[PDB]
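# Structural characterization, general
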Amino acid sequence: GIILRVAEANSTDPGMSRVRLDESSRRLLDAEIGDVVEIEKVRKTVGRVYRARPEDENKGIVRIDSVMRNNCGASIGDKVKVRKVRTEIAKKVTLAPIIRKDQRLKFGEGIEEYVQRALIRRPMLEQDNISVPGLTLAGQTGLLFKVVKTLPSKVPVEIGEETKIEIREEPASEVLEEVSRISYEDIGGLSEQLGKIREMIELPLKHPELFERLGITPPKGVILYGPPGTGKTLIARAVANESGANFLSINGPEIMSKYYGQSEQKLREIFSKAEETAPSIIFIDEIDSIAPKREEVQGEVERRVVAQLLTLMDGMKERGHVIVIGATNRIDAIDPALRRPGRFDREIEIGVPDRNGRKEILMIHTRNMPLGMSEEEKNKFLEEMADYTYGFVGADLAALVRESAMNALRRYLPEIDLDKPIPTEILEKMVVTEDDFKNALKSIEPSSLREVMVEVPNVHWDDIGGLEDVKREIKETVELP
Amino acid sequence: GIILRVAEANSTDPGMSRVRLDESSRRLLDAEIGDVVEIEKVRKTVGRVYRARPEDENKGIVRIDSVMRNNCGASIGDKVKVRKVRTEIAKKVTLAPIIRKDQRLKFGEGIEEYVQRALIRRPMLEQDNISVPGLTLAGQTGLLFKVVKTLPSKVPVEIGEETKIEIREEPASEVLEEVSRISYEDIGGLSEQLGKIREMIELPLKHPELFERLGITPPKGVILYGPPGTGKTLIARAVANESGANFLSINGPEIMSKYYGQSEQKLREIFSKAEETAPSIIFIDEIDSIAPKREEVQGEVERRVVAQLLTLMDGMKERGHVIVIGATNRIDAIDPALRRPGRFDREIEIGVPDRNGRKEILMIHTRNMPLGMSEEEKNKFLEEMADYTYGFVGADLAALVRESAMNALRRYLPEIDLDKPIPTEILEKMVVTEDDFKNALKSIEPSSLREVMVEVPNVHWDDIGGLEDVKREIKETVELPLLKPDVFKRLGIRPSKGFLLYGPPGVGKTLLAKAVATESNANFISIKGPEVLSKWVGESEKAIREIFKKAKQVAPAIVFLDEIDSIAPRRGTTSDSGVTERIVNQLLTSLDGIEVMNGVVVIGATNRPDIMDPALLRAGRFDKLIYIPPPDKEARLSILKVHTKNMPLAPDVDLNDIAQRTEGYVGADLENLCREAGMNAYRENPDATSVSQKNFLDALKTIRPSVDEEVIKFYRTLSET
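Residues numbered from 1 in each chain as written, not as in the entry; some residues may be left out. Chains lettered and ligands numbered in written order. Part of a larger assembly, values for the part shown. Heavy atoms only, no water. Residues with missing side-chain atoms left out of burial classes, pairs and counts.

Its PDB record attributes the structure to cryo-EM, giving the resolution as 7.80 Å.

So, in structure tokens, the structure goes:
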């Protein structure tokens, strides 16, 4: 009714509070375009956004930015109350750093330059955390600032271009929901698969009694595939962020450091926390190390660690309200008995991206820096980078652009400013020309070891010549059924 | 006398107390149809059922529902006293939850909706547990309610549609025999095998002195095969339910958690309980983990755990009155010495289901939900789901429908009710459309890794065309030895394997041999080139020897073997020469040593034979060729009407003119011409070739006439020579 949905923003609008609202969705609320919005939901957490119309989306959902959902702690399908309010402008705003794992923060100037041009008329309120990326991939990422006081406090305000900004720099922590959480929009990859993997554990993990025995038996286990730690492993820790439950980490360095009698007791030790932290999710990326077994002799510790993990899941009635999942590099390095009942049943194969899927993966790593989608229509758009790149992955793309960031460095940083204090002039000098990403394509970094791949062509019938007799005949065969 | 048997209900009647009683069985008791029944047996446990007549069953047994046998604790072949009584109706009934492992139960409303429409006039008594499934597969299963008090208590009552139902919700336990027991009807799978596996341990486990040394030595051990934990392992715990004895569980997590000195003492520890809990049954599904041994070095613990298990069975005199059994995934991962005497002897191979066998497996997982058999005759019936599904198993089918239940969820649950309290309106909204089960068939979930499989065809002689000379000739070969044999001994003719076919691929030839399997009501075993190329890549070429031994139990069945010899000539020249290949000689030598007189019928086919052995022409092997002529005018017209009966009919298509001009088209061409030109026939599409007879003639000029007199002459020369 007023209840308009939250979702993962396709068009990101890297400037926060710019959240897309449909023209057909806003006329359902009878709120016109270009007004200050008040987002009010349960827990009495609030935030303000600016309406801008997308196209492909329909009135069934409203597609919202990640951080503004990370400010209200919104999960997909929540309940909010939004309406248009009065419009004002700020005067002088004071901000403060958010220090938890950050180890202090930026020292020097840029209190005006970096903040002002990135404001772009963001509706907001006092004590709100704004996310302002840009200026580079390495050293500058999505960064949250704690706003102390503005002169028009608690009232709806859009900070203008002629309004000064003061940075107190006094070290403090976040008032509202800082990072270490990764939203589904902060995630990127296969789209429909992201919703299909989550929907099975969606309803149980939220509430136990919402979906328990009703529809079917809940998930026993889930086996994941693909580049384990390209950001496929980041999805594991990411899924536990929206659910809010505990995340148990079964990792390489612990199973390698624990030999006979140390690991055997640790298997029940991590399982003892599974019953205590319950409800909790159990993610194992060590299936390659734990149970590589093809039925040979890897030693007693290898057969002991797998036999216990089988009994650890068997020792559970399947109700502590917990879900054990697993991940591995490829379709191989897995124990064949894991597909037997009484243990892991569902296996979800995670594939690779496509020309459109790569753009979703790139969009995650697209903005730490000063790039744009609508603001550069073609030259810096991701599809021009997608068509040349073949057989890559998020971490490879992340390390590729980071190596391509050094191309932006070697043309700027070393021969100009070697000083530890960061000048204010070097900030305007930071941009990214497509040549930096093209120079990495010519250099040897690209490698594709992937056996199975797919593609889609660019070829239309405008470049096709004669033989129209087969043309309509090809339509006869293929297109009719 | 009054003693009418209990059995496993084929027609389930998911509504309890609806138990099927034969019309011929009820007239033996002189009790008419549609009356209240009083079931009285030993221990003075009672229950009431409603009589409804089935058909195929006879008066020898009465086929009874599972839960009503689970209420009286009935085992197959018990003694009961049943008679017709007076008929009354309830007024107001009070029910209570059964809480043991259940962790409380349903909270909200539905005390009327869910109960009332599922009552369907069930005869019952006070303090009886009724089973009411439905509304979904996941979250709702067979559920028992404890009835506290009804106003007409202890008297025969059929709760009516206008009678209210009250749920006290006060937590309590079962008065009578709740779940955690799985009846043979609750079991599903191979039918005759379920009775054959149980009958050996049936008599001993019931009473020790009933059958002890009398007939034979009791079972030493039993080795089980198949998907260990698809519900094949559920059978293990299930068998111990009817017997009532103790069930010892040898499992994976305990043998993995117990290392050197922990497991070695545990082997005698679980064996010490075997003597204490005696009589008891010992089921081991860990034969894969315990004794995988092919005689290599798996470590000392692997040789120690198997050597003890050998002595654990040897340490027993064979009388504690106990039976040790075992199970494993496949015919492999087993110790070779286990077949030696002094230890496991009987091995019962558990296979996979069939179109009828799958319906029995589905019937177990069919009702947690609101489906029906007689109430939906076709659309929701299991056979429509069975014909599309191939190479599945109970747990795979259970997880498939559970994933297909999410299709029923995604169309209902998320976008409507996310609330923890369950509304009363969402209960009517729960149904299952066949599209949910079809969407999983299109999605990638189906996978078949199973090497050896069988099937049965749908093809009858109504879709078959001409060549009736071979028709009665196929009946001559195959169908005569079955009914005749006392006539077969009158003539005293020798035995033989079977005929052989030749002709262009799949003209009628794949359909003709496929039609004979349905008429004789026998099974169908197909060995085909693309089917064999799957075998010898996955190392199943040795299992072909087992497929030979597989045909004798499934008999009567026909064996259909085509183009295995196609890979013979590449290594050495074979047509009449007979130098074939190393794996193919396993086919040859077997046909020489395989016993005749069996229900197996050897059949083969090929385009032009041109690959064979001179032994394949000799007897005890492939036999007299059957010439497939090209369909004549009267044969083509009979074939064309089979192709055009599914397509629309109109004078625009004339079958007479094309039949007179073309005498040489085979079955594949006639089957092909309707494919692409039938899309051009009438209006399937805007193109201008529609509603013409020339569209068949236009494709007639493009396709080859397939008229070769030389290859037909080559057949007559190779046949006699």
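This is not the end of the story, as more comes after the structure.
### Describing the overall build of chain A
To be explicit about the condition: Helix and strand labels come from DSSP, where a helix needs a run of H or I of at least four residues and a strand needs a run of E of at least two; each type is numbered from the N terminus. Here the globule rule is a power law, 2.2 Å times the number of residues to the power 0.38, and the radius of gyration is based on C-alpha atoms. Two residues qualify as a contact provided that any one of their heavy atoms is within 4.5 Å of a heavy atom in the partner residue.
The number of helices and strands found in chain A is 16 helices and 14 strands. Relative to the 2.2 N^0.38 estimate, which gives 23 Å for 481 residues, the radius of gyration of chain A is 25 Å and therefore close to what a compact globule would have. Seen through its C-alpha atoms, chain A measures out along the principal axes to roughly 70 × 70 × 55 Å. Taking the contacts inside chain A whose residues are at least 6 apart along the sequence as the reference set, 82% of them involve residues at least 24 apart.

### Section: the overall build of chain B
Helices and strands together make up the secondary structure of chain B, namely 27 helices and 19 strands. With the C-alpha coordinates of chain B rotated into their principal frame, the extents come out at 90 × 70 × 60 Å. Counted over contacts in chain B with a minimum sequence separation of 6, partners at least 24 positions apart contribute 82%.

### Some remarks on the pairing of strand β2 (residues 46-50) of chain B
Sheet faces and side chains relate simply in a regular strand, where the side chains alternate between the two faces. Residues and elements named next belong to chain B. Where we set the bar: Whether two strands pair depends on DSSP finding at least two bridges between them.
Here 5 bridges tie strand β1 (residues 36-41) to β2, and the two strands are oriented antiparallel to one another. Looking across to β2, one finds that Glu 40 is bridged to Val 46. The antiparallel hairpin formed by β1 and β2 contains 4 residues in its connecting segment, where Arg 43 sits at a positive phi of about 75°.

### Some remarks on the sheet that holds β2 of chain B
Where strands meet in a sheet, backbone hydrogen bonds hold them as pairs that are either parallel or antiparallel. Residues and elements named next belong to chain B. Let me state the cut-off plainly: Angles shown run from 0 to 180 degrees and are taken between the N-to-C directions of axes, each axis being a line fitted to C-alpha atoms and, for helices, limited to the stretch in contact.
Spatial ordering of the open sheet is given by β2-β1-β3, a layout of 3 strands whose pairing is antiparallel. Two strands close off the open sheet at either side, each with one partner strand: β2 and β3 (80-84). Between one strand and the next, the sheet's axes are offset by a mean angle of 25°, whatever the strand orientation.

### Points about the packing of helix α12 (residues 394-410) of chain A against helix α15 (residues 434-442) of chain A
Residue and element names in this part refer to chain A. Heads up, the condition is: Orientation categories follow fixed angle ranges, with anything under 35 degrees roughly parallel, anything over 145 roughly antiparallel, 65 to 115 roughly perpendicular, and all other angles oblique. Here a crossing is called left-handed whenever its near helix is offset anticlockwise from the far helix by less than a right angle, and right-handed whenever the offset is clockwise. Three classes are used: nonpolar for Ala, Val, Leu, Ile, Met, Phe, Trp, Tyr, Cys and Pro, charged for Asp, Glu, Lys and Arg, and polar for all others, with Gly counted as polar.
Between α12 and α15, the shortest axis-to-axis distance is 9 Å and the interhelical angle comes to 120°. Relative to α15, the element α12 is oriented oblique. Considering how the two elements wind past one another, α12 and α15 form a crossing that is right-handed. When α12 is examined against α15, the residues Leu 400, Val 401, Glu 403, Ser 404, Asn 407 and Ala 408 are found in contact with a partner set consisting of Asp 436, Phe 437 and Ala 440. In terms of residue class, the contact of α12 with α15 is built from 5 nonpolar, 2 polar and 2 charged.

### Some words on the interface of chain A and chain B
With 32 residues of chain A at the contact, the number on the chain B side is 42 residues. Of all the elements in the fold, those that place two or more residues in the side of chain A that touches chain B are α4 (191-206) and α9 (300-314) of chain A. Broken down by element, the side of chain A that touches chain B gets its largest block of residues, 9 residues, from α9 of chain A. Its residues assigned to classes, the side of chain A that touches chain B shows 12 nonpolar, 6 polar and 14 charged.

### Some remarks on the pattern of salt bridges
Opposite charge on two side chains lets them pair, provided their charged atoms get close. Put simply, the test is: Basic side-chain nitrogens of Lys or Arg form a salt bridge, by our definition, when they fall within 4 Å of a carboxyl oxygen of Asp or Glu. Any residue under 20% of the maximum accessible area for its type is buried, any over 50% is exposed, and the rest in between are partly exposed; the area is computed with a 1.4 Å probe on protein chains only.
With the rule as written, the count across this model stands at 67 salt bridges over all chains. The salt bridge partner of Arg 571 of chain B is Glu 581 of chain B, with a shortest N-O separation of 3.4 Å. Here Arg 571 of chain B, found in the loop between β17 (557-562) and α21 (585-593), pairs with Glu 581 of chain B, found in the loop between β17 and α21; they are 10 residues apart in sequence, far enough to count as distant. According to the relative accessible area criterion, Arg 571 of chain B is partly exposed, its value standing at 42%. One connected set of salt bridges, linked through shared partners, spans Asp 35, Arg 51 and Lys 84 of chain A.

### Thoughts on a nonpolar patch on the surface
Quick reminder of the rule: What makes a patch is a set of residues exposed beyond 30% relative accessible area and free of salt bridges, joined within 9 Å when like-charged and within 5 Å when nonpolar (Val, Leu, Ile, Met, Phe, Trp, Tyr). Here the accessible surface of atoms and residues is derived via Shrake-Rupley with a 1.4 Å probe, and residues count as covered only by protein chains that are part of the display.
Residues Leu 533, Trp 536 and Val 537 of chain B make up a contiguous nonpolar surface patch of roughly 330 Å² in combined accessible area. Mapped onto the secondary structure, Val 537 of chain B falls in the loop between α19 (529-532) and α20 (543-554).

### Describing the sheet that holds strand β14 (residues 346-347) of chain A
Residues and elements named next belong to chain A. The 5 strands are arranged β11-β12-β13-β10-β14 in an open sheet whose pairing can be described as parallel. Whereas interior strands pair on both sides, the edge strands pair on one side only; in this sheet they are β11 (246-250) and β14. Direction of pairing for strand β10 (residues 221-224) relative to strand β13 (residues 323-327): parallel, over a ladder of 4 bridges. Within β13, the position partnered with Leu 224 by the bridge is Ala 327.

### A word on unusual backbone geometry
With omega at 0°, the peptide bond leading from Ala 278 of chain A into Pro 279 of chain A counts as cis. Note that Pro 279 of chain A resides in the loop between α7 (262-276) and β12 (280-284). Here the bond from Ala 555 of chain B into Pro 556 of chain B is cis, since omega is 0°, no more than 30 degrees from zero. The residue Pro 556 of chain B is located in the loop between α20 and β17 in this model. Notably, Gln 127 of chain B is not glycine yet its phi reads approximately 60°, a positive angle. Relative to the helices and strands, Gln 127 of chain B is located in the loop between β5 (123-124) and β6 (129-131). Judged by relative accessible area, which is 26%, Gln 127 of chain B ranks as partly exposed. The backbone of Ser 180 of chain B sits at a positive phi, close to 90°, despite the residue not being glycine. Its place among the elements puts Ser 180 of chain B in the loop between β9 (164-167) and α4 (191-206).

### Observations regarding the side chain of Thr 45 of chain B
Residue position: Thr 45 of chain B is located in the loop between β1 and β2. Apart from the residues lying within four places of it in its own chain, the contact partners of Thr 45 of chain B are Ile 39, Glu 40, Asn 71, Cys 72 and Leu 176 of chain B.

### Looking at a negative patch on the surface
Residue and element names in this part refer to chain B. The condition is simple: Charged residues are defined here as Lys and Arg on the positive side and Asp and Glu on the negative side; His and the ends of the chain fall outside this count. To locate a charge, take atom NZ for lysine, CZ for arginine, CG for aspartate or CD for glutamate.
On the surface, a cluster of negative charge is contributed by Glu 468, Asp 469, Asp 632, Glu 634 and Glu 663. The topology assignment puts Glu 634 in helix α23 (residues 633-644). A residue is classified by how much of its surface remains accessible, and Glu 634, at 70% relative accessible area, is exposed.

### Structural notes on the packing of aromatic side chains
Residue and element names in this part refer to chain B. This is how it is decided: Only the six-membered ring of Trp is used, alongside the rings of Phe and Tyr, when aromatic pairs are assigned; centres must lie within 6.5 Å, and planes under 30 degrees apart are stacked while those over 60 apart are edge-to-face, with the rest tilted.
Following the criterion strictly, the structure yields 5 aromatic pairs over all chains and no others. Taking 6.0 Å as the distance between ring centres and 55° as the angle between the ring planes, the aromatic pair formed by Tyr 502 and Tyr 627 counts as tilted. Note that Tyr 502 is positioned in strand β15 (residues 498-502) and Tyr 627 in strand β19 (residues 622-627), a separation of 125 residues in sequence. Note on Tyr 502: relative accessible area 5%, which makes it buried.

### Observations concerning the environment of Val 666 of chain B
Residue and element names in this part refer to chain B. Relative to the elements of secondary structure, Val 666 occurs in the loop between α24 (655-661) and α25 (667-679). On the basis of relative accessibility, which here comes to 11%, the residue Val 666 falls in the buried class. Residues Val 666 and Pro 505, spaced 161 residues apart in sequence, show a C-alpha to C-alpha distance of 9.8 Å. Not counting residues up to four positions away in its chain, the partners in contact with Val 666 are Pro 504, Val 507, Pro 630, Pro 631 and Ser 706.

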